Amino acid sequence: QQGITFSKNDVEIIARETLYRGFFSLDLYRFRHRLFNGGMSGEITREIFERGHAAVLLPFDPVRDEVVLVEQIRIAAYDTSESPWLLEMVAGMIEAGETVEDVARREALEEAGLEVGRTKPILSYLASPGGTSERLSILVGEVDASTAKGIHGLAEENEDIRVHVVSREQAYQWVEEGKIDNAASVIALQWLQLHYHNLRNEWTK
């Protein structure tokens, strides 16, 4: 097959407007775009949550077939989850000029006390593109899971994080059971379930 039909040349962003600015922003995009049946749409407005973009690191120990998870409260999970404390991947915001890999390695140390060896890209995804611009770029990072323990996170920033080490099999079973249910961890761990055999061979050579 061929894929998508239209490009950036087929949409005109007439205007953007920031409706709220605080730590994050809510922007109004005003645009018109080509229609599949020929013409151009009228003017359309969409509210878009703007919060920057993230680097995500799946810490995988290929010697032990183990993953390191970080636990912290995510209050937005409260209304639809039994607990707002989630088991997650290492992750942080990307600043201007920073690379995904530099952010991933720094956050692995800050959030889990982990040094990272080799890294490989997993996938880069849009979290929920009907309402937010956020893109997250996932790497897998080689770690020694026997070094992973304790409480981390930047305390001067109200970041309180607990490290957990589990087998890959257990982490994936938790995805299947819904005990791990945040997008970044689901995507990373499903990818690991599809790729771990080749990855362990590559990293223990």
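Take the two forms, superpose them, and find the largest set of C-alpha atoms that agree within 1.5 Å; that set is the rigid core. Residue indices: 1-based, along the sequence shown.
Between 142-150 and 166-174, greater CA displacement relative to the shown form is found for 142-150 when the structures in 8 other deposited structures of this protein are fitted on the core.
Taking the rigid core as the alignment reference, the C-alpha atoms of 8-16 lie farther on average from the displayed form in 8 other deposited structures of this protein than those of the other stretch among 8-16 and 184-192. When the other compared entries with both flanking residues are checked, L26 is modelled in all of them, not unmodelled in a third. Residue-level annotation: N158 lacks coordinates in a third or more of the other entries compared, counting only those that model residues on either side of it.
Looking at mean Cα B-factors across 172-180 and 143-151, the upper value is held by 143-151. Between the stretches 79-87 and 112-120, it is 112-120 that shows the larger average CA temperature factor.
Set against one another, the Cα B-factors of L57, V70, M40, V63 in the record reach their highest point at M40. Within the selection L192, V186, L19, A15, the deposited Cα B-factor values reach their highest point at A15. Ranked by C-alpha B-factor against the other modelled residues of its chain, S167 falls in the middle third. Per the PDB record, residue ranking by Cα B-factor puts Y29 in the middle third of the chain. When the modelled residues of the chain are ordered by C-alpha B-factor, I44 sits in the highest third. When all modelled residues of the chain are sorted by CA temperature factor, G130 is found within the lowest third.
Split the chain's modelled residues into thirds by C-alpha temperature factor. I161 is in the middle one.
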